[PDB]
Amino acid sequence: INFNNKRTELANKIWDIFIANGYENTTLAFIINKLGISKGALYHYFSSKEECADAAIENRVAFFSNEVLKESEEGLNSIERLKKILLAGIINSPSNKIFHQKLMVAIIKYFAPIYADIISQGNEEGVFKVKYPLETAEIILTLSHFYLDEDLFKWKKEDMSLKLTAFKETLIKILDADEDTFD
């Protein structure tokens, strides 16, 4: 109620600490020293380092997604809204890969309804023909955040151009959109 305002202020600061310093190497002692708080002050809001990460991620993605909705120009068609939202954006140790995975999952879950809305708008305009708008939104986001992640798959830098092309091709098929939609 009031506890929520304080917890998210800290989560925001923890985000900056995890990004700037890495998740694996950030200790609860480093966090509290950097924040200027005690162990007790931290344990009042979080039970673990994982919860600190989840709170940092939730608040960052909740913010980023809300700033996409407020920045959305009134009356834009679905094709332009899709193009605009696709261009949006905020060591590879096992724990650092978990922080990245958590972030991909949160982005997918927060952006899926926005993309679902765009897809539904396009079905109504007659530019797409998608049977399952929310599932298709989640499908697209999974491809953009897992398949196009070169660090996840250790994809070669010279192969990324073909993956983006293949991604656009897939988007066209899935949406039943015109072939020149993403040109």
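A residue's number is simply how far along the shown sequence it sits, counting from 1.
Coordinates are absent for 10 or more residues of the deposited sequence placed between residue 90 and residue 91.
The stretch with the higher mean CA B factor, choosing between 67-75 and 98-106, is 67-75. In this entry, the higher average B-factor at the C-alpha atoms falls on 58-66, of the pair 138-146 and 58-66. In the deposited entry, the Cα temperature factor of residue 47 places it in the middle third of its chain's modelled residues. Per-chain ranking of the deposited C-alpha B factor places residue 167 in the lowest third. Among the modelled residues of its chain, residue 14 has a C-alpha B-factor that falls in the lowest third, as given in the PDB entry. In the PDB entry, residue 157 places in the highest third of its chain by CA B-factor. Compared with the other modelled residues of the chain, the Cα B-factor recorded for residue 176 ranks in the lowest third.
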